[PDB]
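As a starting point, one isolated chain is supplied in structure tokens, in the form deposited in one PDB entry.
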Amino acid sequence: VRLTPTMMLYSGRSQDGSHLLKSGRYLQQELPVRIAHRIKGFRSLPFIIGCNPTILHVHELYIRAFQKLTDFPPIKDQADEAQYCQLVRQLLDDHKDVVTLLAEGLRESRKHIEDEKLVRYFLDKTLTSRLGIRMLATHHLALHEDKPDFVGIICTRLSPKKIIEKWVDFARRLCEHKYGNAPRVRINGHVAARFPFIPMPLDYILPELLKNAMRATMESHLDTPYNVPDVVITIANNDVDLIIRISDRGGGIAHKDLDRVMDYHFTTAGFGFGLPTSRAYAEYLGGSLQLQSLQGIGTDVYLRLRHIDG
């Protein structure tokens, strides 16, 4: 029953399966209201942006979802609950490319307005609400599964080192595929820590930060691709939060780019969403994402995520 902001992840264990029903009914009351807020967000977008065909498509997707959700009959039994899950699974899949569609839709249209704070706010609000909604929805679905060491999407004994290693292997492959090599990653600090935690946000954030650090490292070592400085990751685990520091020797973020890197769409090269999205996600969950640039040397990125209150 651990909560994200104004949102609650049910921990329940009833052999009869009545927690599924209480969970299902909660989801059913909650999803339409939150989808309505997203729709209100689209309605208030500057006209010229809202008229972009890709933005209109996403706008329609949300209306469609609101329609199907409200059309679904109140849940009275396992049979209803079971069918609601099919709808939720369908919606989750239908909406899996939303971040990318928004990025495309907004890329050009955003420069047609005078106030630039506007799109930042819309995206921060839309993407984090969406993260919140997908977490709740996926958590409900997960309550059906019998994975050990999970209560829904909540890992009961998450190892930060393990999940970091997972995304390191992933980022290294992408990097090897593009450059013929990848920095090695060293992990230090509280490497043996284990605690209850929701992987989902880490699954978004970590690969974004690792891809950044690896790209920077390779692009600054073009003469010695076979011998590049390691990326060093430090884990700090205390009673308040989990801190993951990702340090590279990739030459740093230039002074002229520093005020831009947190802007959606800004890139010196994906589509420039990695940093602002990651920060918005971390702040939404009560944490933060901070950068320290050592121009000429490299960058330290500090991810902080609050622990699950007990």
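Sequential numbering from 1, following the sequence displayed.
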At least a third of the other compared entries leaving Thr268 unmodelled, is that the case?
yes
Higher mean Cα B-factor in the deposited model: 104-112 or 208-216?
104-112
Of 122-130 and 149-157, the one with larger mean CA B-factor
149-157
Among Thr138, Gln78, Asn237, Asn188 - the residue whose C-alpha B-factor is largest in the record
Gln78
The largest CA temperature factor among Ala282, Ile35, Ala269, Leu275 is found at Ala269
For the chain shown, is the CA B-factor of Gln28 in the lowest, middle or highest third of its modelled residues?
highest
Can you work out whether the C-alpha temperature factor of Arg304 puts it in the lowest, middle or highest third of the chain?
lowest
Where does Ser247 sit by CA temperature factor within its chain: lowest, middle or highest third?
lowest
Would you check the entry's CA temperature factor for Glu165 and let me know if it's in the chain's lowest, middle or highest third?
middle
Sorting the chain's modelled residues by C-alpha B-factor, tell me whether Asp71 ends up in the lowest, middle or highest third.
highest
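Unshown form deposited in another entry; subsequent notes refer to it.
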Against the displayed form, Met7 vs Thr156 by Cα, in the other form, with 3 angstroms or more change: pair is closer
Taking the shown form as reference, are the C-alpha positions of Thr6 and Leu143 brought closer or pushed farther apart in the other form, with a change of 3 Å or more?
closer
